[PDB]
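Containing mmCIF, N, CA and C atoms: structure25.cif.
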data_my_file
#
loop_
_atom_site.label_atom_id
_atom_site.label_comp_id
_atom_site.auth_asym_id
_atom_site.auth_seq_id
_atom_site.Cartn_x
_atom_site.Cartn_y
_atom_site.Cartn_z
N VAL T 5 -44.24 41.43 -16.90
CA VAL T 5 -44.19 42.88 -16.76
C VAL T 5 -45.59 43.38 -16.42
N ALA T 6 -46.59 42.52 -16.62
CA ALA T 6 -47.98 42.93 -16.45
C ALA T 6 -48.36 43.10 -14.98
N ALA T 7 -47.53 42.62 -14.06
CA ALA T 7 -47.75 42.89 -12.65
C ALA T 7 -47.10 44.21 -12.22
N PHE T 8 -46.17 44.72 -13.02
CA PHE T 8 -45.44 45.93 -12.65
C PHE T 8 -46.34 47.16 -12.76
N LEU T 9 -47.37 47.09 -13.61
CA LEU T 9 -48.34 48.17 -13.68
C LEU T 9 -49.46 48.01 -12.65
N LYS T 10 -49.30 47.09 -11.70
CA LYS T 10 -50.25 46.91 -10.61
C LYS T 10 -49.59 46.71 -9.26
N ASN T 11 -48.28 46.46 -9.22
CA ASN T 11 -47.58 46.35 -7.96
C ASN T 11 -46.64 47.52 -7.70
N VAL T 12 -46.73 48.59 -8.49
CA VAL T 12 -46.19 49.87 -8.07
C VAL T 12 -47.32 50.86 -7.84
N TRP T 13 -48.51 50.55 -8.36
CA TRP T 13 -49.71 51.34 -8.13
C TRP T 13 -50.36 50.98 -6.80
N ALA T 14 -49.78 50.03 -6.08
CA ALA T 14 -50.08 49.78 -4.68
C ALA T 14 -49.08 50.43 -3.74
N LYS T 15 -48.01 51.01 -4.27
CA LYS T 15 -46.96 51.60 -3.44
C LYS T 15 -46.87 53.11 -3.62
N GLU T 16 -46.76 53.61 -4.85
CA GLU T 16 -46.69 55.05 -5.12
C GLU T 16 -47.57 55.42 -6.29
N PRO T 17 -48.87 55.70 -6.06
CA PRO T 17 -49.76 56.15 -7.13
C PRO T 17 -49.72 57.65 -7.37
N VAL T 18 -48.51 58.22 -7.34
CA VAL T 18 -48.35 59.67 -7.39
C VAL T 18 -47.77 60.03 -8.74
N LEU T 19 -46.60 59.47 -9.05
CA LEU T 19 -46.00 59.68 -10.36
C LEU T 19 -46.69 58.86 -11.44
N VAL T 20 -47.42 57.81 -11.06
CA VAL T 20 -48.18 57.02 -12.03
C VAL T 20 -49.30 57.87 -12.62
N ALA T 21 -49.90 58.73 -11.80
CA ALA T 21 -50.90 59.65 -12.30
C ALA T 21 -50.28 60.74 -13.17
N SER T 22 -48.98 61.00 -12.99
CA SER T 22 -48.33 62.02 -13.81
C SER T 22 -48.04 61.49 -15.21
N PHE T 23 -47.50 60.27 -15.30
CA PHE T 23 -47.22 59.66 -16.60
C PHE T 23 -48.50 59.37 -17.37
N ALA T 24 -49.60 59.11 -16.65
CA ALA T 24 -50.88 58.87 -17.30
C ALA T 24 -51.44 60.14 -17.93
N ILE T 25 -51.02 61.30 -17.42
CA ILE T 25 -51.42 62.56 -18.03
C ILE T 25 -50.31 63.09 -18.94
N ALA T 26 -49.06 62.72 -18.66
CA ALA T 26 -47.97 62.99 -19.61
C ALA T 26 -48.20 62.23 -20.91
N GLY T 27 -48.44 60.93 -20.81
CA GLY T 27 -49.03 60.20 -21.92
C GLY T 27 -50.48 60.59 -22.11
N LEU T 28 -51.01 60.20 -23.28
CA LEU T 28 -52.36 60.52 -23.76
C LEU T 28 -52.51 62.04 -23.92
N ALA T 29 -51.39 62.74 -24.09
CA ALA T 29 -51.38 64.17 -24.37
C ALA T 29 -50.58 64.45 -25.63
N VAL T 30 -49.45 63.77 -25.79
CA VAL T 30 -48.68 63.86 -27.03
C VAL T 30 -49.38 63.06 -28.13
N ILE T 31 -50.17 62.06 -27.74
CA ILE T 31 -50.69 61.09 -28.68
C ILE T 31 -51.86 61.67 -29.46
N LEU T 32 -52.77 62.35 -28.76
CA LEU T 32 -54.03 62.77 -29.36
C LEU T 32 -53.99 63.80 -30.50
N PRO T 33 -53.00 64.76 -30.62
CA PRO T 33 -53.04 65.64 -31.80
C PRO T 33 -52.78 64.95 -33.12
N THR T 34 -52.21 63.75 -33.08
CA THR T 34 -52.11 62.93 -34.27
C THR T 34 -53.37 62.12 -34.56
N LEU T 35 -54.45 62.33 -33.80
CA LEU T 35 -55.60 61.44 -33.89
C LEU T 35 -56.85 62.13 -34.40
N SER T 36 -57.32 63.18 -33.74
CA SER T 36 -58.66 63.68 -34.03
C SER T 36 -58.63 64.70 -35.16
N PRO T 37 -59.62 64.71 -36.05
CA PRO T 37 -59.66 65.74 -37.10
C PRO T 37 -60.15 67.09 -36.62
N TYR T 38 -60.32 67.29 -35.31
CA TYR T 38 -60.56 68.62 -34.79
C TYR T 38 -59.33 69.51 -34.95
N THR T 39 -58.13 68.93 -34.86
CA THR T 39 -56.96 69.70 -35.21
C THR T 39 -56.90 69.87 -36.73
N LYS T 40 -56.12 70.89 -37.14
CA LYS T 40 -56.00 71.50 -38.47
C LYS T 40 -57.23 72.36 -38.79
N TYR T 41 -58.29 72.23 -37.99
CA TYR T 41 -59.28 73.29 -37.90
C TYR T 41 -58.81 74.34 -36.92
N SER T 42 -58.01 73.91 -35.94
CA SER T 42 -57.34 74.83 -35.03
C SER T 42 -56.33 75.70 -35.75
N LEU T 43 -55.83 75.25 -36.90
CA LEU T 43 -55.01 76.12 -37.73
C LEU T 43 -55.85 76.81 -38.80
N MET T 44 -57.04 76.28 -39.09
CA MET T 44 -57.89 76.88 -40.11
C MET T 44 -58.66 78.08 -39.56
N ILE T 45 -59.14 77.97 -38.32
CA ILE T 45 -59.71 79.12 -37.61
C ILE T 45 -58.66 80.22 -37.47
N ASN T 46 -57.46 79.83 -37.06
CA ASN T 46 -56.39 80.75 -36.70
C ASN T 46 -55.76 81.43 -37.91
N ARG T 47 -56.14 81.05 -39.13
CA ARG T 47 -55.54 81.66 -40.31
C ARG T 47 -56.39 82.82 -40.84
N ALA T 48 -57.71 82.74 -40.72
CA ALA T 48 -58.59 83.74 -41.29
C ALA T 48 -59.11 84.74 -40.27
N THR T 49 -58.33 85.05 -39.23
CA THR T 49 -58.67 86.14 -38.33
C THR T 49 -57.87 87.36 -38.75
N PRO T 50 -58.48 88.37 -39.37
CA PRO T 50 -57.69 89.48 -39.92
C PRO T 50 -57.24 90.44 -38.83
N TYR T 51 -55.92 90.56 -38.69
CA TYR T 51 -55.32 91.62 -37.89
C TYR T 51 -55.14 92.89 -38.70
N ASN T 52 -54.38 92.80 -39.79
CA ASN T 52 -53.96 93.97 -40.54
C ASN T 52 -55.05 94.40 -41.51
N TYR T 53 -54.72 95.32 -42.40
CA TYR T 53 -55.70 95.80 -43.35
C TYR T 53 -55.51 95.13 -44.71
N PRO T 54 -56.59 94.74 -45.38
CA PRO T 54 -56.44 94.19 -46.73
C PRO T 54 -56.23 95.29 -47.75
N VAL T 55 -55.00 95.41 -48.22
CA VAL T 55 -54.65 96.29 -49.33
C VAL T 55 -55.26 95.69 -50.59
N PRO T 56 -55.72 96.50 -51.55
CA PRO T 56 -56.21 95.94 -52.81
C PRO T 56 -55.12 95.66 -53.84
N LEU T 57 -55.51 95.15 -55.00
CA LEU T 57 -54.59 94.93 -56.12
C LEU T 57 -55.07 95.76 -57.30
N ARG T 58 -54.42 95.55 -58.45
CA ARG T 58 -54.69 96.30 -59.67
C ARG T 58 -55.03 95.34 -60.80
N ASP T 59 -55.93 95.77 -61.69
CA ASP T 59 -56.23 95.05 -62.93
C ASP T 59 -55.15 95.33 -63.97
N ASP T 60 -54.59 94.26 -64.53
CA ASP T 60 -53.59 94.37 -65.59
C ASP T 60 -53.60 93.07 -66.39
N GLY T 61 -54.27 93.08 -67.53
CA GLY T 61 -54.56 91.82 -68.19
C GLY T 61 -55.58 91.07 -67.35
N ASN T 62 -55.11 90.05 -66.64
CA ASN T 62 -55.88 89.52 -65.52
C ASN T 62 -56.05 90.61 -64.47
N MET T 63 -57.27 90.81 -63.92
CA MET T 63 -58.55 90.04 -63.93
C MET T 63 -58.53 88.48 -63.73
N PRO T 64 -58.04 87.98 -62.59
CA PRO T 64 -58.29 86.56 -62.30
C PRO T 64 -59.69 86.30 -61.78
N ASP T 65 -60.15 87.12 -60.84
CA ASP T 65 -61.35 86.95 -60.02
C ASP T 65 -61.61 88.29 -59.35
N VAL T 66 -62.50 88.27 -58.35
CA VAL T 66 -62.74 89.24 -57.27
C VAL T 66 -62.76 90.70 -57.74
N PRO T 67 -63.88 91.15 -58.32
CA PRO T 67 -63.98 92.55 -58.77
C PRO T 67 -64.15 93.53 -57.62
N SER T 68 -64.42 94.79 -57.97
CA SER T 68 -64.43 95.89 -57.01
C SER T 68 -65.50 95.74 -55.93
N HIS T 69 -66.56 94.98 -56.19
CA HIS T 69 -67.62 94.82 -55.21
C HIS T 69 -67.30 93.63 -54.32
N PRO T 70 -67.23 93.81 -53.00
CA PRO T 70 -66.84 92.68 -52.14
C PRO T 70 -67.96 91.68 -51.90
N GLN T 71 -69.22 92.14 -51.87
CA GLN T 71 -70.32 91.24 -51.56
C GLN T 71 -70.75 90.39 -52.75
N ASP T 72 -70.09 90.52 -53.89
CA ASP T 72 -70.28 89.58 -54.98
C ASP T 72 -69.72 88.21 -54.59
N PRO T 73 -70.18 87.13 -55.24
CA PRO T 73 -69.55 85.82 -55.00
C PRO T 73 -68.15 85.76 -55.60
N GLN T 74 -67.18 86.28 -54.86
CA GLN T 74 -65.85 86.56 -55.38
C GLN T 74 -64.75 85.81 -54.64
N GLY T 75 -64.79 85.80 -53.31
CA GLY T 75 -63.68 85.32 -52.52
C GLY T 75 -63.84 83.89 -52.05
N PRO T 76 -62.86 83.42 -51.26
CA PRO T 76 -62.85 82.01 -50.84
C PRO T 76 -63.84 81.68 -49.73
N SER T 77 -63.79 80.43 -49.27
CA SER T 77 -64.79 79.87 -48.36
C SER T 77 -64.31 80.02 -46.93
N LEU T 78 -64.64 81.16 -46.31
CA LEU T 78 -64.47 81.35 -44.87
C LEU T 78 -65.80 81.57 -44.17
N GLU T 79 -66.90 81.33 -44.86
CA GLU T 79 -68.24 81.57 -44.36
C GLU T 79 -68.88 80.32 -43.79
N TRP T 80 -68.10 79.26 -43.60
CA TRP T 80 -68.56 78.06 -42.90
C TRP T 80 -68.53 78.22 -41.39
N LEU T 81 -67.98 79.32 -40.88
CA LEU T 81 -67.93 79.53 -39.44
C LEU T 81 -69.25 80.07 -38.92
N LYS T 82 -69.93 80.91 -39.71
CA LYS T 82 -71.24 81.41 -39.31
C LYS T 82 -72.27 80.29 -39.28
N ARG T 83 -72.14 79.31 -40.17
CA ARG T 83 -72.95 78.10 -40.09
C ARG T 83 -72.50 77.18 -38.97
N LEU T 84 -71.27 77.34 -38.49
CA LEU T 84 -70.76 76.53 -37.39
C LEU T 84 -71.24 77.09 -36.05
N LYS Q 7 -78.22 50.29 57.11
CA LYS Q 7 -78.92 49.44 56.16
C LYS Q 7 -79.28 50.22 54.91
N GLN Q 8 -78.73 51.42 54.78
CA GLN Q 8 -78.95 52.26 53.60
C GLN Q 8 -77.67 52.25 52.76
N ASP Q 9 -77.56 51.25 51.89
CA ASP Q 9 -76.35 51.08 51.11
C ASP Q 9 -76.70 50.98 49.63
N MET Q 10 -75.67 51.01 48.80
CA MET Q 10 -75.83 51.39 47.40
C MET Q 10 -76.53 50.36 46.51
N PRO Q 11 -75.94 49.19 46.21
CA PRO Q 11 -76.05 48.61 44.85
C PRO Q 11 -77.46 48.13 44.53
N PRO Q 12 -77.95 48.43 43.32
CA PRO Q 12 -79.34 48.09 42.99
C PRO Q 12 -79.53 46.60 42.77
N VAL Q 13 -80.77 46.13 42.86
CA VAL Q 13 -81.04 44.73 42.59
C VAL Q 13 -81.00 44.48 41.09
N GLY Q 14 -81.36 45.47 40.29
CA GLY Q 14 -81.30 45.34 38.85
C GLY Q 14 -81.30 46.70 38.19
N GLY Q 15 -81.23 46.65 36.86
CA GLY Q 15 -81.16 47.84 36.03
C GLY Q 15 -79.73 48.08 35.58
N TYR Q 16 -79.39 47.60 34.40
CA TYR Q 16 -78.01 47.60 33.93
C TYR Q 16 -78.03 47.67 32.41
N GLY Q 17 -76.85 47.83 31.83
CA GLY Q 17 -76.68 47.86 30.39
C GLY Q 17 -76.11 46.54 29.91
N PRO Q 18 -74.78 46.48 29.74
CA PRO Q 18 -73.81 47.57 29.90
C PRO Q 18 -73.66 48.42 28.65
N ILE Q 19 -72.64 49.26 28.63
CA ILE Q 19 -72.22 49.89 27.39
C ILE Q 19 -71.11 49.05 26.78
N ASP Q 20 -70.96 49.17 25.47
CA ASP Q 20 -70.02 48.33 24.77
C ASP Q 20 -68.59 48.78 25.01
N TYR Q 21 -67.67 47.87 24.72
CA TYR Q 21 -66.26 48.17 24.55
C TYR Q 21 -65.86 48.20 23.08
N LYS Q 22 -66.84 48.19 22.17
CA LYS Q 22 -66.57 47.89 20.78
C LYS Q 22 -65.97 49.09 20.05
N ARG Q 23 -65.79 48.93 18.75
CA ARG Q 23 -65.10 49.93 17.93
C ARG Q 23 -65.53 49.75 16.48
N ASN Q 24 -66.46 50.58 16.01
CA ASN Q 24 -67.01 50.39 14.66
C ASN Q 24 -67.63 51.68 14.15
N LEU Q 25 -67.14 52.15 12.99
CA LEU Q 25 -67.84 53.12 12.14
C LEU Q 25 -67.31 53.01 10.72
N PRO Q 26 -67.30 51.82 10.13
CA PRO Q 26 -66.83 51.67 8.74
C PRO Q 26 -67.95 51.78 7.70
N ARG Q 27 -68.44 52.99 7.45
CA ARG Q 27 -69.53 53.22 6.50
C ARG Q 27 -68.96 53.60 5.14
N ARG Q 28 -69.19 52.74 4.15
CA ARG Q 28 -68.74 52.95 2.77
C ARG Q 28 -69.96 53.20 1.89
N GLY Q 29 -69.99 54.35 1.21
CA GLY Q 29 -68.91 55.32 1.19
C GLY Q 29 -68.58 55.70 -0.24
N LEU Q 30 -69.19 54.96 -1.17
CA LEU Q 30 -69.10 55.17 -2.61
C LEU Q 30 -67.65 55.11 -3.08
N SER Q 31 -67.07 53.92 -2.96
CA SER Q 31 -65.66 53.70 -3.26
C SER Q 31 -65.51 52.72 -4.42
N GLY Q 32 -64.27 52.59 -4.90
CA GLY Q 32 -63.88 51.47 -5.74
C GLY Q 32 -64.50 51.38 -7.12
N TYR Q 33 -64.06 52.25 -8.04
CA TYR Q 33 -64.48 52.45 -9.44
C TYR Q 33 -65.81 53.21 -9.52
N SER Q 34 -66.49 53.44 -8.41
CA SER Q 34 -67.54 54.45 -8.39
C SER Q 34 -66.94 55.85 -8.38
N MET Q 35 -66.00 56.10 -7.46
CA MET Q 35 -65.08 57.21 -7.64
C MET Q 35 -64.10 56.87 -8.76
N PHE Q 36 -63.47 57.92 -9.31
CA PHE Q 36 -62.73 58.00 -10.58
C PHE Q 36 -63.65 57.87 -11.79
N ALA Q 37 -64.96 57.72 -11.56
CA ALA Q 37 -65.94 57.63 -12.63
C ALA Q 37 -66.88 58.83 -12.60
N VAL Q 38 -67.20 59.31 -11.40
CA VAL Q 38 -67.94 60.57 -11.29
C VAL Q 38 -67.00 61.74 -11.54
N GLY Q 39 -65.70 61.56 -11.30
CA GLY Q 39 -64.72 62.60 -11.50
C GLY Q 39 -64.49 62.88 -12.96
N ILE Q 40 -64.21 61.83 -13.73
CA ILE Q 40 -63.98 61.97 -15.16
C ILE Q 40 -65.27 62.36 -15.87
N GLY Q 41 -66.41 61.87 -15.37
CA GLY Q 41 -67.68 62.24 -15.95
C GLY Q 41 -68.06 63.68 -15.68
N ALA Q 42 -67.52 64.27 -14.61
CA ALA Q 42 -67.74 65.69 -14.36
C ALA Q 42 -66.77 66.54 -15.17
N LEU Q 43 -65.53 66.07 -15.30
CA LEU Q 43 -64.50 66.85 -15.98
C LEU Q 43 -64.76 66.94 -17.47
N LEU Q 44 -65.26 65.86 -18.08
CA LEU Q 44 -65.57 65.89 -19.51
C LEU Q 44 -66.81 66.71 -19.80
N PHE Q 45 -67.66 66.93 -18.79
CA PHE Q 45 -68.75 67.87 -18.98
C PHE Q 45 -68.24 69.30 -19.00
N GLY Q 46 -67.10 69.56 -18.36
CA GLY Q 46 -66.50 70.87 -18.36
C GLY Q 46 -65.94 71.27 -19.71
N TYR Q 47 -65.12 70.39 -20.30
CA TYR Q 47 -64.53 70.70 -21.60
C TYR Q 47 -65.58 70.67 -22.70
N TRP Q 48 -66.65 69.90 -22.51
CA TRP Q 48 -67.77 69.96 -23.44
C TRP Q 48 -68.51 71.28 -23.29
N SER Q 49 -68.45 71.89 -22.10
CA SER Q 49 -69.01 73.23 -21.93
C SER Q 49 -68.05 74.29 -22.44
N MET Q 50 -66.77 73.95 -22.58
CA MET Q 50 -65.90 74.68 -23.47
C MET Q 50 -66.17 74.22 -24.90
N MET Q 51 -65.58 74.93 -25.87
CA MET Q 51 -65.73 74.73 -27.32
C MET Q 51 -67.14 75.17 -27.78
N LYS Q 52 -68.04 75.48 -26.86
CA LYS Q 52 -69.27 76.15 -27.20
C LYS Q 52 -69.25 77.59 -26.77
N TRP Q 53 -68.31 77.96 -25.91
CA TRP Q 53 -68.13 79.34 -25.52
C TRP Q 53 -66.84 79.92 -26.09
N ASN Q 54 -65.72 79.22 -25.92
CA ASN Q 54 -64.44 79.71 -26.42
C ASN Q 54 -64.41 79.77 -27.93
N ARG Q 55 -65.10 78.83 -28.58
CA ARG Q 55 -65.25 78.89 -30.03
C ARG Q 55 -66.18 80.02 -30.43
N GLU Q 56 -67.23 80.25 -29.64
CA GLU Q 56 -68.21 81.27 -29.98
C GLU Q 56 -67.67 82.67 -29.72
N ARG Q 57 -66.78 82.81 -28.74
CA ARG Q 57 -66.21 84.12 -28.46
C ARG Q 57 -65.23 84.52 -29.56
N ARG Q 58 -64.61 83.54 -30.22
CA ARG Q 58 -63.71 83.84 -31.33
C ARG Q 58 -64.48 84.37 -32.54
N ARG Q 59 -65.76 84.04 -32.64
CA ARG Q 59 -66.58 84.54 -33.74
C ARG Q 59 -66.93 86.00 -33.51
N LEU Q 60 -67.24 86.36 -32.27
CA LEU Q 60 -67.53 87.75 -31.94
C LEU Q 60 -66.26 88.58 -31.94
N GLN Q 61 -65.12 87.93 -31.71
CA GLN Q 61 -63.81 88.57 -31.79
C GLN Q 61 -63.56 89.15 -33.17
N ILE Q 62 -63.90 88.39 -34.21
CA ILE Q 62 -63.66 88.82 -35.59
C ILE Q 62 -64.61 89.95 -35.96
N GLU Q 63 -65.81 89.95 -35.39
CA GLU Q 63 -66.72 91.08 -35.54
C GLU Q 63 -66.17 92.35 -34.90
N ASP Q 64 -65.41 92.21 -33.82
CA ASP Q 64 -64.83 93.37 -33.17
C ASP Q 64 -63.72 93.97 -34.01
N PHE Q 65 -62.94 93.11 -34.67
CA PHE Q 65 -61.96 93.60 -35.63
C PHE Q 65 -62.63 94.08 -36.91
N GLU Q 66 -63.85 93.62 -37.17
CA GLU Q 66 -64.54 93.96 -38.42
C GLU Q 66 -64.90 95.44 -38.47
N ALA Q 67 -65.35 95.99 -37.35
CA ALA Q 67 -65.73 97.39 -37.31
C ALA Q 67 -64.51 98.30 -37.44
N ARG Q 68 -63.34 97.80 -37.06
CA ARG Q 68 -62.11 98.55 -37.27
C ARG Q 68 -61.79 98.67 -38.75
N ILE Q 69 -61.92 97.56 -39.48
CA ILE Q 69 -61.39 97.51 -40.84
C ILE Q 69 -62.34 98.20 -41.81
N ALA Q 70 -63.63 98.27 -41.46
CA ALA Q 70 -64.58 98.92 -42.36
C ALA Q 70 -64.45 100.44 -42.30
N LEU Q 71 -63.84 100.96 -41.25
CA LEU Q 71 -63.34 102.32 -41.24
C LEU Q 71 -61.82 102.27 -41.38
N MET Q 72 -61.18 103.44 -41.26
CA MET Q 72 -59.76 103.70 -41.52
C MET Q 72 -59.42 103.42 -42.99
N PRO Q 73 -60.19 103.91 -43.96
CA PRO Q 73 -59.58 104.79 -44.96
C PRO Q 73 -59.82 106.24 -44.57
#
Represent the supplied structure as structure tokens.
Amino acid sequence: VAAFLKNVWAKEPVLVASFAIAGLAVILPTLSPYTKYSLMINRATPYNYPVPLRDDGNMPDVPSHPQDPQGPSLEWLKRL
Amino acid sequence: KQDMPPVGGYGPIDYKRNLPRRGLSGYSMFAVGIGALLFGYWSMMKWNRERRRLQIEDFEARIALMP
């Protein structure tokens, strides 16, 4: 079968270039750790408005001042 | 006694057929192509990623107003 990938590429190298780009396209999102950053960037882009909550017992975290060390880690993008 | 053909001075010109100048072929091409194309996508992810950062700043000025 190892000649079939070289004796049709002497006759029609047209669709062979298509399968070579059809392949190596489905394969790569299962490979590089650059993906799931593509979902991590896409999650912390605020469209709507952040409504606040109310104190009742808890008090889990995040007081009235926003610039306190209160919220989660989305500040790795400015270092990126 | 005034007739044409010279005693000497001739060529001739060829009957030949040749201009096969190569040409940068045969794994030299398909190597400058991919090496150029990967420089393109490497020049992406430094602009398209950076524009998404300024994008959030554009939404930022919206949210700090509208109460």
Have a look at atom C of residue T:43 and atom CA of residue Q:66 and let me know their distance in Å, one decimal.
19.2 Å
Interface, chain T side, toward chain Q (7 Å; all atoms listed in the file) as a VMD selection string
chain T and resid 49 to 50 53
Take atom CA of residue T:56 and atom CA of residue Q:64 and report the distance between them in Å, one decimal.
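Going from atom CA of residue T:56 over to atom CA of residue Q:64 covers 21.6 Å.
For the pair atom C of residue T:61 and atom C of residue T:75, the separation is 18.8 Å.
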Enumerate as a ChimeraX atom specification all residues of chain Q assigned to helix (DSSP H, G or I) by DSSP on the backbone, naming them with the chain letters and numbers the document uses.
/Q:38-49,54-70
Given the selection you just returned, output its residues as a file containing N, CA and C atoms, formatted as a CSV table (one decimal), keeping the file's coordinate frame.
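Below is the file selection38.csv, written as the result:
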chain,number,residue,atom,x,y,z
Q,38,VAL,N,-67.2,59.3,-11.4
Q,38,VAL,CA,-67.9,60.6,-11.3
Q,38,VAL,C,-67.0,61.7,-11.5
Q,39,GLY,N,-65.7,61.6,-11.3
Q,39,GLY,CA,-64.7,62.6,-11.5
Q,39,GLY,C,-64.5,62.9,-13.0
Q,40,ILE,N,-64.2,61.8,-13.7
Q,40,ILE,CA,-64.0,62.0,-15.2
Q,40,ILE,C,-65.3,62.4,-15.9
Q,41,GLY,N,-66.4,61.9,-15.4
Q,41,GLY,CA,-67.7,62.2,-16.0
Q,41,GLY,C,-68.1,63.7,-15.7
Q,42,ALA,N,-67.5,64.3,-14.6
Q,42,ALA,CA,-67.7,65.7,-14.4
Q,42,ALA,C,-66.8,66.5,-15.2
Q,43,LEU,N,-65.5,66.1,-15.3
Q,43,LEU,CA,-64.5,66.8,-16.0
Q,43,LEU,C,-64.8,66.9,-17.5
Q,44,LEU,N,-65.3,65.9,-18.1
Q,44,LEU,CA,-65.6,65.9,-19.5
Q,44,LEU,C,-66.8,66.7,-19.8
Q,45,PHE,N,-67.7,66.9,-18.8
Q,45,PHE,CA,-68.8,67.9,-19.0
Q,45,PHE,C,-68.2,69.3,-19.0
Q,46,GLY,N,-67.1,69.6,-18.4
Q,46,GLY,CA,-66.5,70.9,-18.4
Q,46,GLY,C,-65.9,71.3,-19.7
Q,47,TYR,N,-65.1,70.4,-20.3
Q,47,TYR,CA,-64.5,70.7,-21.6
Q,47,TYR,C,-65.6,70.7,-22.7
Q,48,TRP,N,-66.6,69.9,-22.5
Q,48,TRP,CA,-67.8,70.0,-23.4
Q,48,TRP,C,-68.5,71.3,-23.3
Q,49,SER,N,-68.4,71.9,-22.1
Q,49,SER,CA,-69.0,73.2,-21.9
Q,49,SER,C,-68.0,74.3,-22.4
Q,54,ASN,N,-65.7,79.2,-25.9
Q,54,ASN,CA,-64.4,79.7,-26.4
Q,54,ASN,C,-64.4,79.8,-27.9
Q,55,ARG,N,-65.1,78.8,-28.6
Q,55,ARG,CA,-65.2,78.9,-30.0
Q,55,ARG,C,-66.2,80.0,-30.4
Q,56,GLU,N,-67.2,80.2,-29.6
Q,56,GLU,CA,-68.2,81.3,-30.0
Q,56,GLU,C,-67.7,82.7,-29.7
Q,57,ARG,N,-66.8,82.8,-28.7
Q,57,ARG,CA,-66.2,84.1,-28.5
Q,57,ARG,C,-65.2,84.5,-29.6
Q,58,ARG,N,-64.6,83.5,-30.2
Q,58,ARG,CA,-63.7,83.8,-31.3
Q,58,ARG,C,-64.5,84.4,-32.5
Q,59,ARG,N,-65.8,84.0,-32.6
Q,59,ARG,CA,-66.6,84.5,-33.7
Q,59,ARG,C,-66.9,86.0,-33.5
Q,60,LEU,N,-67.2,86.4,-32.3
Q,60,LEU,CA,-67.5,87.8,-31.9
Q,60,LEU,C,-66.3,88.6,-31.9
Q,61,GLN,N,-65.1,87.9,-31.7
Q,61,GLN,CA,-63.8,88.6,-31.8
Q,61,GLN,C,-63.6,89.2,-33.2
Q,62,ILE,N,-63.9,88.4,-34.2
Q,62,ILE,CA,-63.7,88.8,-35.6
Q,62,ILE,C,-64.6,90.0,-36.0
Q,63,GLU,N,-65.8,90.0,-35.4
Q,63,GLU,CA,-66.7,91.1,-35.5
Q,63,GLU,C,-66.2,92.4,-34.9
Q,64,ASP,N,-65.4,92.2,-33.8
Q,64,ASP,CA,-64.8,93.4,-33.2
Q,64,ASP,C,-63.7,94.0,-34.0
Q,65,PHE,N,-62.9,93.1,-34.7
Q,65,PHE,CA,-62.0,93.6,-35.6
Q,65,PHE,C,-62.6,94.1,-36.9
Q,66,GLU,N,-63.8,93.6,-37.2
Q,66,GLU,CA,-64.5,94.0,-38.4
Q,66,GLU,C,-64.9,95.4,-38.5
Q,67,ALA,N,-65.4,96.0,-37.4
Q,67,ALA,CA,-65.7,97.4,-37.3
Q,67,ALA,C,-64.5,98.3,-37.4
Q,68,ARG,N,-63.3,97.8,-37.1
Q,68,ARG,CA,-62.1,98.6,-37.3
Q,68,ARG,C,-61.8,98.7,-38.8
Q,69,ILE,N,-61.9,97.6,-39.5
Q,69,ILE,CA,-61.4,97.5,-40.8
Q,69,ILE,C,-62.3,98.2,-41.8
Q,70,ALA,N,-63.6,98.3,-41.5
Q,70,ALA,CA,-64.6,98.9,-42.4
Q,70,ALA,C,-64.4,100.4,-42.3
If we count only C-alpha atoms and set the cut-off at 9 Å, which residues sit around residue T:78, ignoring sequence neighbours fewer than 4 positions away in its own chain? Please answer as number ranges by chain.
T: 45, 48, 82
Provide an axis-aligned box for all listed atoms of stretch 61-68 of chain T, padding each side by 8 Å; report its centre and its edge lengths in Å to one decimal, as JSON.
{"center_x": -59.9, "center_y": 91.1, "center_z": -62.1, "size_x": 27.2, "size_y": 25.6, "size_z": 28.3}
